[PDB]
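Trainee: So here's data_15.txt, just compact mmCIF, C-alpha atoms:
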# COMPACT_ATOMS: atom_id res chain seq x y z
CA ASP G 1088 139.66 127.89 100.28
CA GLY G 1089 137.06 125.13 100.18
CA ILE G 1090 134.36 127.28 101.77
CA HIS G 1091 135.13 130.23 99.48
CA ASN G 1092 135.23 128.13 96.32
CA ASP G 1093 131.94 126.41 97.02
CA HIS G 1094 130.70 129.97 97.42
CA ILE G 1095 132.01 131.23 94.08
CA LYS G 1096 130.72 128.01 92.48
CA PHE G 1097 127.30 128.19 94.15
CA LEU G 1098 127.34 131.85 93.11
CA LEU G 1099 128.33 131.35 89.48
CA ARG G 1100 125.84 128.53 88.94
CA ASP G 1101 123.11 130.61 90.58
CA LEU G 1102 123.76 134.00 88.93
CA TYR G 1103 125.91 133.39 85.83
CA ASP G 1104 124.58 129.96 84.78
CA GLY G 1105 128.02 128.31 84.65
CA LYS G 1106 129.41 131.01 82.32
CA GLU G 1107 132.60 132.35 83.87
CA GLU G 1108 132.74 134.60 80.83
CA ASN G 1109 129.95 136.55 82.53
CA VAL G 1110 132.12 137.20 85.60
CA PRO G 1111 133.40 140.80 85.22
CA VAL G 1112 137.13 141.42 85.51
CA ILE G 1113 139.31 144.10 87.09
CA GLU G 1114 143.04 144.87 87.03
CA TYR G 1115 143.58 144.27 90.78
CA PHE G 1116 141.09 143.47 93.52
CA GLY G 1117 140.77 146.90 95.12
CA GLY G 1118 138.10 149.33 96.31
CA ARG G 1119 135.05 150.03 94.14
CA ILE G 1120 135.12 153.17 92.01
CA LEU G 1121 132.59 156.02 91.91
CA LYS G 1122 130.70 156.54 88.62
CA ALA G 1123 129.87 160.10 87.53
CA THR G 1124 127.12 160.73 84.95
CA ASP G 1125 128.79 164.18 84.94
CA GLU G 1126 132.54 163.39 83.88
CA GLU G 1127 133.27 167.14 84.06
CA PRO G 1128 135.18 168.80 86.95
CA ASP G 1129 132.73 171.08 88.83
CA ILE G 1130 135.66 171.99 91.08
CA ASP G 1131 136.58 175.47 92.39
CA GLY G 1132 140.11 176.83 92.06
CA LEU G 1133 140.78 174.01 89.60
CA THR G 1134 140.83 174.17 85.82
CA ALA G 1135 140.66 171.06 83.62
CA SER G 1136 141.87 170.70 80.01
CA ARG G 1137 142.80 167.74 77.78
CA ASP G 1138 144.01 166.61 74.34
CA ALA G 1139 144.46 163.09 73.04
CA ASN G 1140 147.93 163.22 74.52
CA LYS G 1141 147.61 165.09 77.81
CA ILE G 1142 145.21 165.88 80.64
CA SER G 1143 145.90 169.25 82.27
CA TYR G 1144 144.90 170.14 85.83
CA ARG G 1145 146.04 173.36 87.43
CA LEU G 1146 144.98 175.16 90.59
CA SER G 1147 144.30 178.89 90.71
CA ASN G 1148 147.37 180.89 91.74
CA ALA G 1149 145.01 183.38 93.39
CA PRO G 1150 145.77 183.65 97.13
CA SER G 1151 142.07 182.97 97.85
CA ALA G 1152 141.63 179.99 100.20
CA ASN G 1153 139.57 178.00 97.66
CA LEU G 1154 141.15 174.69 96.69
CA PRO G 1155 140.00 171.06 96.25
CA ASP G 1156 140.16 168.45 99.01
CA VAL G 1157 143.52 166.75 99.12
CA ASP G 1158 141.24 163.71 98.83
CA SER G 1159 139.24 164.81 95.80
CA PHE G 1160 142.39 166.01 94.06
CA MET G 1161 143.75 162.47 94.21
CA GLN G 1162 140.55 160.68 93.23
CA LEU G 1163 140.95 162.72 90.04
Render the structure in this file as structure tokens.
Mentor:
Amino acid sequence: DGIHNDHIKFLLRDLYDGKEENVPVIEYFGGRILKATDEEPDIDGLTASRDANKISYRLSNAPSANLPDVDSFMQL
């Protein structure tokens, strides 16, 4: 703890000038998230709609073998 806290202190004082208000805050300490200057789904076999109440994703019922990564589909 000691070693880490000297680090966060050293680090605050050296890049936040004491102001812990400057230290950004997240819900839980998890993995960084990817920013898209797009924000629009350029994804095949997937359609994307939304209101103020609901976001709709649905995948083409066409038998064609074009669908999103199981990975991508969950990042979304």
Trainee: Which value, in Å to one decimal, gives the distance between atom CA of residue G:1125 and atom CA of residue G:1161?
Mentor: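 Result for atom CA of residue G:1125 versus atom CA of residue G:1161: 17.7 Å, one decimal.
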Trainee: List as a PyMOL selection string the protein and nucleic acid residues near stretch 1149-1158 of chain G, meaning an atom at most 10 Å away when only C-alpha atoms are counted, but skip any in the same chain fewer than 5 places from it.
Mentor: chain G and resi 1130-1133+1163
Trainee: Taking (136.3, 159.1, 95.8) as a centre in this file's frame and 7 Å as the limit, can you find every polymer residue with an atom that close, using all atoms listed in the file, and give them as number ranges by chain?
Mentor: G: 1121, 1159, 1162
Trainee: Interatomic distance between atom CA of residue G:1109 and atom CA of residue G:1126?
Mentor: 27.0 Å
Trainee: What is the distance between atom CA of residue G:1127 and atom CA of residue G:1143, in Å to one decimal?
Mentor: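 One can read the atom CA of residue G:1127 to atom CA of residue G:1143 distance as 12.9 Å.
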Trainee: G:1147, G:1090, G:1101, G:1113: which is nearest residue G:1135, counting only C-alpha atoms?
Mentor: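 Counting only C-alpha atoms, the residue closest to residue G:1135 is G:1147.
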